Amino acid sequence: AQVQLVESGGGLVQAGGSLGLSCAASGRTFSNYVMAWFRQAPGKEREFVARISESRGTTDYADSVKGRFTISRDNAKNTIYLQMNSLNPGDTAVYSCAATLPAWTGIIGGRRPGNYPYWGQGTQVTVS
């Protein structure tokens, strides 16, 4: 009973542009799951990007992408989006979506990758 995450919408955009990412999660109880986005620069470590909760649309963003990126969810289509505005070359990384339960995320553990058991393969985002 492992959920499958398939990302889409990755490409090469110029500086200051915008690009939207999507990630479809396989299975039911998508409305009960906590979704998040992560990125990984070439030769770096998985770093937090954004995260949406299971109710009331509670969101959390990394300081480097606050005000620039926007995360949203759709429980009817079992997908989550990451609208990336005001792109700079520092955002060139492989972006991956992750799925977890609210019992995992806790209160202050929403940015730790070890608390998301299911991960996606990751799509490339490149900023000139």
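Just count from 1 along the sequence shown to find any residue number.
Trainee: Averaging only over Cα atoms, indicate whether 23-31 or 85-93 has the higher B-factor in the PDB entry.
Mentor: The entry gives the higher C-alpha B-factor average to 23-31.
Trainee: Could you check the entry and say whether 76-84 or 41-49 has the higher mean CA B-factor?
Mentor: The entry gives the higher C-alpha B-factor average to 41-49.
Trainee: Grab the CA temperature factor for residue 1 from the record and place it in the lowest, middle or highest third of its chain.
Mentor: Top third by C-alpha B-factor.
Trainee: In terms of the CA temperature factor given in the entry, to which third of its chain does residue 66 belong: lowest, middle or highest?
Mentor: Tercile = middle for this residue's CA B-factor.
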